[PDB]
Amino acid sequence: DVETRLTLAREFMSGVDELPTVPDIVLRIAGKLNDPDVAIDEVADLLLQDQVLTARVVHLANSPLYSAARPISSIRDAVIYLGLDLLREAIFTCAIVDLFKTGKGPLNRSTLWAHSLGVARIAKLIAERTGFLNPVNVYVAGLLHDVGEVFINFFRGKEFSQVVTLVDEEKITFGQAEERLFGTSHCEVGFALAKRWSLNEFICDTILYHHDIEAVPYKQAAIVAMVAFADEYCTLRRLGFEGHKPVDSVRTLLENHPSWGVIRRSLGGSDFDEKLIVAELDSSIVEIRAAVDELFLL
């Protein structure tokens, strides 16, 4: 009954007069992720007129995670030092942050952003460790995964207020509370939204299926599997808000997570040890959380 939930999701957006938008640069970048031979200076040139976006990009570029110890002070430095993929990634991040800032609701702006940035970054780490060829695509799917909660929070806040208090009082997940109160969730709303924005279906499906990887109706589902894992990981390691049923052992859950099999079926040649990946994440999650929390203050 996804169409029932998808129909309800579209009706839920109908009642909003002015719907959120994303910059053309976000859609442009989203569209070009698979083209290895784009000219870096063309990408760089997109920032030229935008002093605010430019300064944001130089700031993220200079962060340890992007730069290491090398000082990035101009955009010219960022171009030379980041290269095409990390530059697309940094620009995407610095432009999409306006979506997460431009509103208020019952959940704090910073809650949704920090969780989304965490998911993006962890999902990318997984992409890298499992040999996935275009990890920026996983990053972008990750950062957008909960764009539906952003919508409900900012645009149907009066209503989301009730989701929050049902969650806080009966200790169910946001997705469960949404299902009960609205008959649809941020998965379906986020899908409807991303479809309205003309985002590729690899992103749309990640938004739709990220709370149950086992629902994806096709075999090559690496990105979704990566972001679903990253979301559950973040939620279980203090980088989230959506809630989770009680777990006997988190490490064991993460080690046995269904995404690992989905990634292996999608990437026939990839050899990885999910035990060591979970261990690595756990060893760096305090640092990851610090970096996330510090980048932009929303």
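Start at 1 with the first residue shown and count on from there.
Taking only CA atoms, the mean B-factor in the PDB entry is higher for 163-171 than for the other of 163-171 and 124-132.
Looking at 38-46 and 237-245 together, the entry lists the larger mean B-factor for 38-46, computed on C-alpha atoms. Across the residues 254, 230, 262, 69, the deposited record lists the maximum Cα B factor for 69. Across 77, 201, 179, 188, the entry's maximum B-factor at the CA atom is seen for 179. In this PDB entry, the Cα temperature factor of residue 73 sits in the top third of its chain's modelled residues, the highest group. In this PDB entry, the Cα temperature factor of residue 24 sits in the top third of its chain's modelled residues, the highest group. In the PDB entry, residue 277 places in the lowest third of its chain by CA B-factor. Sort the modelled residues of the chain by CA B factor and residue 145 lands in the lowest third.
Per the PDB record, residue ranking by Cα B-factor puts residue 219 in the middle third of the chain.
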